[PDB]
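With PDB author numbering, the residue at position 400 of the sequence shown is 801, and numbering never jumps.
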Amino acid sequence: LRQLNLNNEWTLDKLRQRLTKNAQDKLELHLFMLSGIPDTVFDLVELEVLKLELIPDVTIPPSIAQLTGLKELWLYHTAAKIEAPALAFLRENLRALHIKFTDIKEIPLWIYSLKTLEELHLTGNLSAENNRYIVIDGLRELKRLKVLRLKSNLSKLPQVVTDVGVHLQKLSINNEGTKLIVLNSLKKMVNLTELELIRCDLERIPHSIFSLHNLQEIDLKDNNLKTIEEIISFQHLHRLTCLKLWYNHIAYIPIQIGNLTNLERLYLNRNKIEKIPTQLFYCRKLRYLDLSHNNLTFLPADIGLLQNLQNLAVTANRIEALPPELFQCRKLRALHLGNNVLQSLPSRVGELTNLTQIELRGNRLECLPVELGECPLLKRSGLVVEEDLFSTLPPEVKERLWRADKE
Numbered sequence: 402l403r404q405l406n407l408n409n410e411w412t413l414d415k416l417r418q419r420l421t422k423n424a425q426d427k428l429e430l431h432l433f434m435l436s437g438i439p440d441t442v443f444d445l446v447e448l449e450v451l452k453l454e455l456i457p458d459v460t461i462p463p464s465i466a467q468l469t470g471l472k473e474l475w476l477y478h479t480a481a482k483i484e485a486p487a488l489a490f491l492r493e494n495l496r497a498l499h500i501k502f503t504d505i506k507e508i509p510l511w512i513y514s515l516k517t518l519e520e521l522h523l524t525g526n527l528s529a530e531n532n533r534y535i536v537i538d539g540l541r542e543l544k545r546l547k548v549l550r551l552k553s554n555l556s557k558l559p560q561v562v563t564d565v566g567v568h569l570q571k572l573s574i575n576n577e578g579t580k581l582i583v584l585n586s587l588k589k590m591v592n593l594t595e596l597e598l599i600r601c602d603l604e605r606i607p608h609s610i611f612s613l614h615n616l617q618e619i620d621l622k623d624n625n626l627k628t629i630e631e632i633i634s635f636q637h638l639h640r641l642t643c644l645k646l647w648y649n650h651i652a653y654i655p656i657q658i659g660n661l662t663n664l665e666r667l668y669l670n671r672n673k674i675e676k677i678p679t680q681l682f683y684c685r686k687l688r689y690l691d692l693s694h695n696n697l698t699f700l701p702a703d704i705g706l707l708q709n710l711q712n713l714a715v716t717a718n719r720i721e722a723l724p725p726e727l728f729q730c731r732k733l734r735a736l737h738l739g740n741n742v743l744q745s746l747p748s749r750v751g752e753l754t755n756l757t758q759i760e761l762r763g764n765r766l767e768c769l770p771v772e773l774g775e776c777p778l779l780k781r782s783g784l785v786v787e788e789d790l791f792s793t794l795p796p797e798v799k800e801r802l803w804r805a806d807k808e
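Rendered as structure tokens:
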């Protein structure tokens, strides 16, 4: 009767109305506080992301094999019970498995028998008596993993992950403030490209970080680096392209940072940098620069050495003037310049063409230059601006912008 009523209350049409999409632009279904999975879910054939959230001890019927495109699977606080045809279709189709738990028994024993598993986030503590990485000891059987996110309050890394890393390319461990013992056991990360130590609180960089030649994304977020001194040994690593050093206690950048040229998305936001140097603008390949929440004394001119730069966020700084060199760069799009001490924007901003989004709530801009209205790609959604100084502009320019908005 409960299953019959579950199909009665949750119909295919209602599921289609609730059907949503995930971060990967894949068809997801968020089933929150359900007694079970209705068979109307399993009548689908195009579903790819089956998300199961807080369902007490559900039993998965074989009709999941009908969901022909099924690739992801989200288990959040859900004890899952599955059978063999389901295991077959998941061994031939399923390449992702997102397990969130607060207990060992919430983690099922079937999930280690998949023959196509590729993406895998384990959320919840995996260290226990006879169960520290022995909950999940079947991760040797999974020989195609490529992404491993571990929000587990972890203190050590298993060697078996290092063995899997021949094909694994992303390992992000969240530990809520627990230091792991690396001990240079990570050097089998030949295929790793994105080592993301979130809230690791390392305060130091081990040699295994700058020994792994394929690493391209390095963010030592919330690791309380007072000093960063290990960038010199990164030149053996030919593939580093993005140093998003954000949310850290970094007091100063040494001038040797001017030696780099190849970075694009240099995100040094949420730090304690006293001033941006001209050396940092020796990097010619920068396409994105975020310096939000810093103690920058002013904005120098050499910021205009960035021709390919697309978004620039020097938000929450102490910056008064934008130089004409910055406006020689034609590719500025997202200028998050707000909550600053900007005196004025020099009229050479008329050289700008590709401006899309700007934030000016805050600052000290006495009146809007009409050049801010000149930017074509900058629309009303992008021009987040005060209204009175917009009214100071001639009404017909405002009418032209309005007609561009509405036609």
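Backbone N, C-alpha and C fix where the C-beta goes; we use that ideal spot for every residue, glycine too.
Return the CA-CA distance between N741 and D504, expressed in angstroms with no decimal places. 47 Å
Name, in chain order, the residues that DSSP records as bridge partners for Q758. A735
Going by DSSP, what residue range makes up the alpha helix (DSSP H) through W475? It is not in any alpha helix (DSSP H) - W475 instead sits in the beta strand (DSSP E) that spans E473 to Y477.
Using the Cβ count rule (16 or more neighbours within 10 Å means buried), how would you classify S553? buried
CB-CB under 7 Å to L510, same chain, minus the five flanking residues each way: which ones, in chain order? none
When burial is assigned at 16 or more other CB atoms within 10 Å of the CB, is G437 buried or exposed? buried
DSSP three-state label for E726, please. helix
Using beta-carbon positions only, say whether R666 and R685 come within less than 8 Å of one another. no
Which two residues bound the contiguous alpha helix (DSSP H) that contains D620? Looking at the DSSP string, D620 is not in any alpha helix (DSSP H); the run it does join, the beta strand (DSSP E), is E618 to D620.
Taking the straight line between their C-alpha atoms, what separation do you get for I759 and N532? 51 Å
Among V798, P559, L596 and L498, nearest to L584 - alpha-carbon criterion: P559
Check each candidate in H639, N625 and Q617 and name the one with the smallest Cα separation from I606. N625
Across which residues does DSSP place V548 in a beta bridge pair? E520 and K571
Taking only three categories from DSSP, how would you classify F502? coil
Return helix, strand or coil for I704, following the three-state DSSP convention. helix
Alpha carbon to alpha carbon, how far is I629 from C601? Give it in angstroms, no decimals. 15 Å
Express the C-alpha separation of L474 and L413 in angstroms, rounding to a whole number. 19 Å
Any idea if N409 is buried or exposed, counting beta-carbon neighbours within 10 angstroms, 16 or more meaning buried? exposed
C-beta neighbour in chain C for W475, strict 8 Å: Checking the listed chains, one finds no chain C in this structure; it contains a single protein chain.
Could you check the C-alpha separation between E597 and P725 for me, to the nearest Å? 37 Å
State buried or exposed for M590, treating a residue as buried only when at least 16 other CB atoms are found within 10 Å of its CB. buried
Per-residue burial, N406 [other beta carbons within 10 Å of its own, 16 or more giving buried]: exposed
Buried or exposed: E675, going by 16 or more other Cβ atoms within 10 Å of its Cβ? exposed
Sequence-distant residues of its chain with Cβ nearer than 7 Å to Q404 (five each side left out): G437
Alpha carbon of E595 to alpha carbon of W803, nearest angstrom: 44 Å
Let me know the secondary structure DSSP gives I599 once reduced to three states. strand
Which residue from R801, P439 and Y668 puts its Cα closest to that of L402? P439
At which residues does the alpha helix (DSSP H) containing residue 809 begin and terminate? Only positions 402 to 808 of the chain appear in this structure, which leaves residue 809 out of reach.
In three-state DSSP terms, what is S586? coil
So, for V459: in the same chain, excluding its five sequence neighbours on each side, which residues have a beta-carbon less than 6 Å away from its beta-carbon? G437 and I438
Identify whether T793 lies in helix, strand or coil by the three-state DSSP scheme. coil
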